[PDB]
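Peer 1: Handing you a structure now.
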Amino acid sequence: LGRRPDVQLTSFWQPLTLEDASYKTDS
Amino acid sequence: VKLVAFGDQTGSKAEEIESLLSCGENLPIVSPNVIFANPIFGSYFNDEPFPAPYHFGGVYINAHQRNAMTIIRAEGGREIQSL
Amino acid sequence: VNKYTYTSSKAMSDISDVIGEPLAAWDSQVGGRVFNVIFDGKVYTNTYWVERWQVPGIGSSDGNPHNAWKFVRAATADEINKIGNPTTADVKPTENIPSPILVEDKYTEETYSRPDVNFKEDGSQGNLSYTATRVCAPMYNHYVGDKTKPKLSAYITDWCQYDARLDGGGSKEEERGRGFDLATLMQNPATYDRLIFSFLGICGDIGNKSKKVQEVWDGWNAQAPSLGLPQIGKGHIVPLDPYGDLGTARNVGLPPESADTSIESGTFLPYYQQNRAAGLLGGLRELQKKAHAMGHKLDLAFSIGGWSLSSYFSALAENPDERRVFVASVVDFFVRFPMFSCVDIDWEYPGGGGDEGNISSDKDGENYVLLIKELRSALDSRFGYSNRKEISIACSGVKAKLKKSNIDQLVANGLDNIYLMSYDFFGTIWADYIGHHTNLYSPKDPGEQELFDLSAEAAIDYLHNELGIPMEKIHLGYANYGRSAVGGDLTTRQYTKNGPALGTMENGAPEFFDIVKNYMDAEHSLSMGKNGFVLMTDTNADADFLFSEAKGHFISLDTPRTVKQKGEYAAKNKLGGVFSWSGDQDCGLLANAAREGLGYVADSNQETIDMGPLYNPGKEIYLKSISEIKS
């Protein structure tokens with residue numbers, strides 16, 4: 732059927748540091 | 500109410516309607532050099548965007564009424580505001 | 002942010018611009034919606050949030066803690082008929098409990114059962130309780146950024162560490178000890194803007210505890226050669242218990258992983274740095290990490306000196322190079338733990354006072370000023386301005402010795418802040434009469450406010466008016482324990498001297514959380530004295546207290562309402578900053594109240610718990626000042 736989704740939208744890519752204190756393990 | 504079902508009976512692309520609804524990022528604009536009286540706008544509770552679509556651009560598609568139809572979140576696929 | 006809405010209706014013909022609202026009798030109104038409720042034929046609007054004890058009757062030009070529950074008397078007799086007009090009422094504690102408050106401790110019950118403790122709610126069989134803080138609930142709502150308001154801070158101490166009831170124990174006070182995991186606050190950090198660990202010390206201190214100084218100095222001096230590092234003399238700073246500070250996992254919000262608690266004074270020294278820092282201090286760094294994960298970085302701090310370790314202050318005075326070595330150890334610590342937002346000093350007696358072990362001369366204050374300036378200079382010499390630190394000291398409110406502190410030159414020499422001890426004015430074991438150990442406000446007849454009725458406002462006015470010091474450079478707070486006194490008579494303030502007084506662990510110093518357990522309640526959406534223990538409040542000084550007749554036992558204490566009073570005053574002033582001493586033993590309700598007193602606003606419609614009903618006053622009374630009574 733050609734079922735389609737929306738765009739790979741920007742949302743907001745956020746410039747922010749990288750640590751698990753920033754990145755998240757969730758766990 | 501399903502956008503695709505609608506478009507299919509319409510024989511026409513949903514994007515045309517989305518544009519009819521102006522629901523894209525192509526939001527309305529207004530000049531700085533005019534101040535409309537009765538400016539119940541910009542309050543921390545004036546959450547409505549301004550100008551409003553049911554106030555500009557496509558008003559006729561609604562009863563000059565706040566609850567202008569628009570895209571709404573997908574459920575069984577992307578969805579239309581209301582009947 | 003929190004948000005609420007209401008609505009009103011009229012006939013299609015009639016449009017009021019005002020919010021029309023149904024005319025009705027007053028009865029236990031509450032919340033944010035418009036009320037024009039009627040009472041005694043008068044008609045009343047609280048143009049502010051509504052609370053179930055607030056009453057429009059008194060409210061005509063009162064009815065809220067700050068201003069008029071304003072009114073008109075538009076109601077006619079037939080309105081007074083169609084609505085049954087009210088003329089008196091009394092709000093009661095509800096029957097249900099809208100929120101849990103705390104949880105029991107098996108071991109504290111066992112403690113009470115102990116044949117030495119013999120504790121009872123009335124204290125009859127046992128004057129002390131040694132109740133575990135673990136009894137407590139989290140009790141912290143959540144709040145908006147609110148950047149403009151003065152900073153919030155709290156003090157923290159080693160007594161967080163241990164209660165061997167966790168370890169069985171059962172025979173001695175520390176086995177029935179106290180302590181809590183910072184995980185509590187960690188659950189919802191940024192609860193304050195700054196924190197201050199308790200006053201640590203230096204080599205050469207003189208007081209009773211100095212054997213610890215000896216021990217740690219020994220461990221240090223033994224380690225130093227093996228480390229290939231220079232030995233240290235007196236004036237070098239002490240960590241007091243690295244094993245607690247780092248050799249820990251329980252109570253410190255971190256898994257026992259890597260908790261080499263075996264390490265100690267003779268061995269910690271390599272680890273004596275934030276990177277390596279396990280245990281408490283490391284956890285604190287992690288706490289700040291979570292905090293920043295949100296944002297709004299805490300001012301992490303601590304200080305040194307204080308009530309029980311100030312002894313060497315005079316000794317180090319006029320020993321300039323050792324003072325240099327001392328501040329060298331300071332900056333060395335900074336290098337070892339650059340995490341810190343700042344640290345400060347806790348000199349307490351420019352003129353002698355407190356514990357006599359604090360030997361002192363007159364010149365002490367001058368020398369103290371001098372060395373302080375020198376400290377500032379050293380500080381500036383080390384630090385980069387992008388990371389500058391700015392220092393504070395407490396103050397004693399001793400009307401004269403505070404003057405002797407030469408704040409003027411301290412300010413002129415870049416000491417930025419002052420924290421007024423606002424508590425324990427009532428030297429309950431020795432004081433001549435019962436009084437409020439923490440009254441900000443002047444009672445009537447200030448004729449005797451020299452060793453009594455010590456409204457901090459007086460010193461406040463000295464600094465502002467009689468010393469020109471900007472409020473910015475001065476800070477105030479509250480503490481989370483009251484006083485307790487035997488046999489006091491509410492009419493005379495005379496009381497049983499020497500007679501042992503209530504404390505869980507510290508007689509005469511009743512502990513807030515356990516008071517919540519034992520004597521006061523709020524489960525029924527109210528400020529609720531309980532178990533037959535009197536809840537009470539004095540109009541003279543806006544004072545708040547508790548009593549028990551069977552032992553004539555009195556307690557002077559801050560309250561949600563009373564810290565509200567404080568914070569509201571400070572806010573109206575726009576003081577430099579707000580804090581709480583002994584923050585270690587409040588659930589956090591007093592902190593939420595403190596936010597309210599700061600006007601610090603909540604960020605959501607949801608709650609950890611309510612707070613409004615906590616501001617009803619206690620049993621009203623007028624207590625004469627000491628001067629008034631004696632006159």
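Residue numbers (the authors' numbering), protein chains in the order written: chain H, 732 to 758; chain J, 500 to 582; chain L, 2 to 632.
Don't be surprised by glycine CBs; every beta carbon is placed ideally from N, CA and C.
Could you name the residues that DSSP lists as bridge partners for L:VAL44?
Peer 2: Looking at the DSSP assignment, L:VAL44 forms a beta bridge with L:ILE39 and L:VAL73.
Peer 1: Relative to the alpha-carbon of L:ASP604, which residue among L:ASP182, L:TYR144 and L:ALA184 has its alpha-carbon at the smallest distance?
Peer 2: Of the listed residues, the one whose Cα sits closest to L:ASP604 is L:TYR144.
Peer 1: If you count every other CB in all the chains shown that lies within 10 Å of the CB of L:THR149, and 16 or more means buried, which is it?
Peer 2: Label assigned to L:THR149: exposed.
Peer 1: Going straight from the alpha carbon of L:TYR131 to that of L:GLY478, what length do you get?
Peer 2: Those two C-alpha atoms are separated by around 25 Å.
Peer 1: Can L:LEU281 and L:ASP246 be called in contact, C-beta distance under 7 Å?
Peer 2: Yes; because the gap between Cβ atoms is below 7 Å, this pair is in contact.
Peer 1: Counting pairs of Cβ atoms below 8 Å between the region 409-419 of chain L and the region 391-400 of chain L, do you hit three or more?
Peer 2: Output reads yes: the region 391-400 of chain L touches the region 409-419 of chain L.
Peer 1: Is it buried or exposed, L:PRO240, if we count other Cβ atoms within 10 angstroms and call 16 or more buried?
Peer 2: L:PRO240 should be labelled buried.
Peer 1: Report yes or no: do three or more beta-carbon pairs, one from the region 160-174 of chain L and one from the region 102-120 of chain L, lie closer than 8 Å?
Peer 2: Contact holds: three or more Cβ-Cβ distances are below 8 Å.
Peer 1: Which residue wins for smallest C-alpha separation from L:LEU599, given the options L:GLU621, L:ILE630, L:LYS567 and L:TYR623?
Peer 2: Answer by Cα proximity: L:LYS567.
Peer 1: Would you call the region 426-440 of chain L and the region 371-383 of chain L touching, i.e. three or more CB-CB distances under 8 Å?
Peer 2: Touching, no.
Peer 1: Tell whether a beta-carbon distance below 7 Å holds between L:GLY254 and L:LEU167.
Peer 2: Not closer than 7 Å, so no.
Peer 1: Can you find a C-beta in chain H that's less than 7 Å from the C-beta of L:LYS290?
Peer 2: L:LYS290 counts as touching chain H.
Peer 1: Please classify L:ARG562 as buried or exposed, where buried requires at least 16 neighbouring CB atoms within 10 angstroms.
Peer 2: It counts as buried.
Peer 1: For L:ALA294, go through chain H and note every residue whose CB falls closer than 7 Å to its CB, in chain order.
Peer 2: Going along chain H in sequence order, the residues near L:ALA294 (Cβ under 7 Å) are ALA752 and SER753.
Peer 1: Starting from the N-terminal side, write out each stretch of the alpha helix (DSSP H) that is 4 residues or longer and does not extend beyond the region 277-345 of chain L.
Peer 2: You should have 280-295, 307-310, 313-317 and 321-337.
Peer 1: Kindly indicate if chain A contains any beta-carbon less than 7 Å away from that of L:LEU317.
Peer 2: The chain labelled as chain A is not found among the protein chains of the depicted structure, namely H, J and L.
Peer 1: According to the Cβ coordinates, are L:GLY584 and L:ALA155 closer than 7 Å?
Peer 2: Going by C-beta atoms, L:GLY584 is nearer than 7 Å to L:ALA155.
Peer 1: If distances are taken between C-alpha atoms only, which option among L:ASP63, L:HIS297 and L:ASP522 comes closest to L:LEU547?
Peer 2: Of the candidates L:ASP63, L:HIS297 and L:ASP522, the one whose C-alpha sits nearest the C-alpha of L:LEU547 is L:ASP522.
Peer 1: What does the Cβ neighbour count give for L:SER456, buried or exposed, with the cut at 16 atoms within 10 Å?
Peer 2: Under this definition L:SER456 is a buried residue.
Peer 1: Does the region 522-542 of chain L touch the region 608-617 of chain L, meaning 3 or more C-beta pairs lie closer than 8 Å?
Peer 2: Flag = yes, the region 608-617 of chain L and the region 522-542 of chain L touch.
Peer 1: Once the 5 residues before and after L:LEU536 are set aside, which same chain residues still bring their CB inside 8 Å of it?
Peer 2: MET521, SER528, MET529, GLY530, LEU547, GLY619 and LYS620.
Peer 1: Considering just the uninterrupted stretch of the alpha helix (DSSP H) at L:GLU458, what are its terminal residues?
Peer 2: Per DSSP, L:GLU458 belongs to the alpha helix (DSSP H) from 458-465.
Peer 1: L:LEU372 to L:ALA318, Cα distance in whole Å?
Peer 2: If you take the alpha carbons of L:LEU372 and L:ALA318, they lie about 8 Å apart.
Peer 1: Check the C-beta distance from L:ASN128 over to L:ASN508 and give it rounded, since I have them as a contact under 8 Å.
Peer 2: 6 Å between Cβ atoms; contact.
Peer 1: Measure the C-alpha to C-alpha separation of L:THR538 and L:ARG179 and round it to an integer number of angstroms.
Peer 2: Cα-Cα distance, rounded: 30 Å.
Peer 1: Applying the criterion that 16 or more other CB atoms from any shown protein chain within 10 Å of the CB defines a buried residue, is L:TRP431 buried or exposed?
Peer 2: Looking at its Cβ environment, which holds fewer than 16 other Cβ atoms inside 10 Å, L:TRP431 is exposed.
Peer 1: Among L:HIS293, L:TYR313 and L:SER29, whose alpha-carbon lies nearest the alpha-carbon of H:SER753?
Peer 2: Measuring from the Cα of H:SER753, the nearest candidate turns out to be L:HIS293.
Peer 1: Applying the criterion that 16 or more other CB atoms from any shown protein chain within 10 Å of the CB defines a buried residue, is L:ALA78 buried or exposed?
Peer 2: That one is exposed.
Peer 1: Can you list, in chain order, the residues of its chain with a C-beta nearer than 7 Å to that of L:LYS291? Leave out the 5 residues immediately preceding and following it.
Peer 2: If we look at L:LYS291 and ignore the five residues flanking it on each side, its Cβ neighbours are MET187 and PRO190.
Peer 1: Per DSSP, L:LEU103 is paired with what?
Peer 2: L:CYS137.
Peer 1: Measuring straight from C-alpha to C-alpha, what distance separates L:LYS71 and L:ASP18?
Peer 2: Approximately 20 Å between the Cα atoms of the pair.
Peer 1: Would you give the residue range spanned by the alpha helix (DSSP H) that L:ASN368 belongs to?
Peer 2: Run containing L:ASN368: 365-383, per the alpha helix (DSSP H) assignment.
Peer 1: In chain order, what residues of the same chain have a beta carbon less than 6 Å from the beta carbon of L:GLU122, not counting five sequence neighbours either side?
Peer 2: Within the same chain, L:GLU122 has close Cβ partners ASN519 and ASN532.
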